[PDB]
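Every number for a ligand or one of its atoms is a count from 1 in the order of the listing. Throughout, protein chains are lettered first and strands after them, A, B, ... in sequence-line order, and every chain is numbered starting at 1.
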Amino acid sequence: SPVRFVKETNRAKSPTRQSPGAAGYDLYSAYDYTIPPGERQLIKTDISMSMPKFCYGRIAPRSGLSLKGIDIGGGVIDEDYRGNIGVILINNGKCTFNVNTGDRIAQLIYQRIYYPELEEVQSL
Amino acid sequence: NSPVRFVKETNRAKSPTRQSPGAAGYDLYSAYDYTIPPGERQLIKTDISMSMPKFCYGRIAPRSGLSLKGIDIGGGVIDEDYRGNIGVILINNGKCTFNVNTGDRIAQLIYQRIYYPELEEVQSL
Amino acid sequence: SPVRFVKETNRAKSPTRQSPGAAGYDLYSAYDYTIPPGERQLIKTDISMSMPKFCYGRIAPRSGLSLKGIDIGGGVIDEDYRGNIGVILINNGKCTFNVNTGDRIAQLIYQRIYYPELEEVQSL
Ligand SMILES: O=c1ccn([C@H]2C[C@H](O)[C@@H](COP(=O)(O)O)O2)c(=O)[nH]1
Ligand SMILES: O=c1ccn([C@H]2C[C@H](O)[C@@H](COP(=O)(O)O)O2)c(=O)[nH]1
Ligand SMILES: O=c1ccn([C@H]2C[C@H](O)[C@@H](COP(=O)(O)O)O2)c(=O)[nH]1
Ligand SMILES: [Cl-]
């Protein structure tokens with residue numbers, strides 16, 4: 001079944017997929033931000049979605065931004081989350097990093113996971 | 001399908017918990033008291049060992065509350081065959097000292113499904 | 001079917017798993033590098049791969065290097081990537097970090113993923 005998503009405002013851009021072999025789906029900033037060196041900023045996408053079962057969405061770095069010193073903080077979108085997906089951009093570069101509305105900021109990867117029951121034992 | 005067995009190596013260990021039925025993984029807690037200066041990192045002991053599930057690894061993943069305070073996760077690959085005590089590398093990239101108290105939630109362990117292909121060298125792909 | 005790989009030069013080393021229960025395949029530097037503190041470097045492995053289906057390769061940290069302050073930037077090797085696999089090593093230690101040709105620098109994890117359809121809705 002398809003993954004449903006909602007645009008909170010008209011400023012949101014629907015996540016995009018360019019090729020059959022891409023790991024993920026492009027995420028875009030819904031707002032203008034400026035991030036000083038050595039600081040981080042939560043970037044709102046204005047996109048909420050119903051994640052697939054036995055999966056989480058990993059907010060993953062674009063390589064081009066990573067080479068510029070821009071890293072991703074947090075980034076775990078659980079299947080229970082119905083809120084605004086936020087990208088924590090960390091400016092580990094030396095200059096101010098500017099984020100404009102519509103800028104590609106990360107890629108969302110639907111990562112397959114397991115939910116085992118945990119059982120405490122005396123020894124393994 | 002079958003349960004993942006785990007051991008509390010001391011009485012200070014807290015059983016990893018599911019936050020909600022659709023949470024990504026299992027919350028880990030500090031078994032000891034630490035102070036992490038700004039621009040430093042610390043291996044935080046959980047005193048938890050597990051018999052990890054097959055064809056997965058445990059990713060030590062950040063909780064966003066800590067990430068927004070500048071606390072990031074180093075390392076974080078828990079191999080399927082690892083039988084030792086699980087450690088969480090907390091990196092204080094914030095401006096102030098970060099305090100970790102015994103029992104504090106520090107990360108979420110995600111059982112990520114993986115593939116072990118055979119690798120074969122070729123002249124051309 | 002096995003993952004086919006090519007050595008771009010004879011400086012490349014074949015990725016291997018340490019043990020039958022290891023999450024990742026060892027990646028090695030094909031060249032010498034020097035990384036200043038608070039900087040990063042794209043490290044060439046000189047290995048290219050025909051990546052497996054419904055997977056991406058995550059460039060993941062080795063714990064020893066992580067404890068020394070060396071972190072991984074970027075790290076998403078898409079299914080469709082047929083180029084030289086690069087490792088972005090970030091030196092978050094306090095001293096200059098030396099990379100010698102042949103050094104183990106990271107691990108590649110073949111992470112299982114989904115490529116779902118996306119559908120915009122009014123409400124989740
Ligand atoms: O980088 C992130 C990390 C998390 N979340 C969402 C998903 C979670 O359900 C919620 C709370 O995150 P935690 O504090 O529980 O990690 O925020 C984001 O939007 N961006
Ligand atoms: O953040 C980490 C990283 C690794 N390990 C443990 C689990 C791994 O299987 C093992 C890897 O050890 P080395 O092979 O790097 O020595 O260490 C942790 O507890 N926490
Ligand atoms: O750490 C990294 C991140 C990416 N890549 C490769 C694989 C990706 O498919 C490609 C990304 O290229 P762009 O689409 O971002 O230009 O680069 C690496 O070799 N190492
Ligand atoms: Cl991951």
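- With salt bridges taken as basic N to acidic carboxylate O contacts below 4.0 Å, one links B:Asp27 and B:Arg105.
- Contact record, C:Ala23 with B:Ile114: O-CD1, 3.7 Å, taken as the closest heavy-atom pair.
- When each atom of ligand 1 is checked for a heavy atom of A:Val76 under 4.0 Å away, the hits are 3 (C), 4 (C), 7 (C).
- Here the heavy atom of the protein found nearest to atom 17 (O) of ligand 3 is C:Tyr81 CE1, 3.9 Å.
- Which parts of ligand 1 touch A:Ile77 is read off a 4.0 Å heavy-atom cut-off, strictly below it: atoms 5 (N), 18 (C), 19 (O), 20 (N).
- Protein heavy atoms come within 4.0 Å of atom 12 (O) of ligand 3.
- Scanning the protein for heavy atoms near atom 14 (O) of ligand 1, the closest one is B:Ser64 OG, 2.7 Å.
- At least one heavy atom of A:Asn84 sits less than 4.0 Å from an atom of ligand 1.
- For the 3.5 Å distance criterion, the side chains of A:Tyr31 and A:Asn100 fail to qualify, holding no donor opposite an acceptor.
- For B:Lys8, the NZ atom sits in a packed shell: over 12 heavy atoms of surrounding residues, nucleotides or ligands are nearer than 6.0 Å.
- Looking at A:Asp103 and A:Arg62, no side-chain N of the basic residue comes within less than 4.0 Å of a carboxylate O on the acidic one, giving no salt bridge.
- Annotation: C:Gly75 places an N or O atom under 3.5 Å from an N or O atom of ligand 3; distance criterion only.
- Close contacts between ligand 3 and C:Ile88 involve ligand atoms 1 (O) [criterion: under 4.0 Å to a heavy atom].
- Of all the heavy atoms of A:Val87, none lies under 4.0 Å from any atom of ligand 1, so neither backbone nor side chain is involved.
- For the pair B:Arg105 and ligand 1, the shortest N or O to N or O distance does not fall below 3.5 Å.
- Counting heavy atoms of neighbouring residues, nucleotides and ligands inside a 6.0 Å radius, atom NZ of B:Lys14 exceeds 12 of them.
- Both tests pass for B:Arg18 against the ring of B:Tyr26: distance under 6.0 Å to the centre and angle within 45° of the axis.
- At the top of the distance list for atom 15 (O) of ligand 1, counting protein heavy atoms only, stands B:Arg63 NH1, 3.0 Å.
- Note: no N/O pair closer than 3.5 Å links C:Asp80 and ligand 3 by distance alone.
- Those atoms of ligand 1 with a heavy atom of B:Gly65 less than 4.0 angstrom away are 14 (O).
- Residue C:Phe54 qualifies as open at atom CZ: its count of foreign heavy atoms under 6.0 Å is 12 or below.
- Of all atoms in ligand 1, numbered sequentially from 1 with element shown, those under 4.0 Å from a heavy atom of A:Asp78 are 7 (C), 8 (C), 9 (O).
- Residue contacts with ligand 1: A:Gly86 is placed with a nitrogen or oxygen under 3.5 Å of a nitrogen or oxygen of the ligand (distance criterion only).
- The aromatic rings of B:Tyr111 and A:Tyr114 lie perpendicular to each other, with more than 60° between the two planes, well past the 30° mark.
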Side chain to side chain contact (heavy atoms under 4.5 Å, CB included) evaluation trace for C:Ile77 with C:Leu108: CA-CA 9 Å; C:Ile77 314 307; C:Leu108 187 74; 4.1 Å; yes
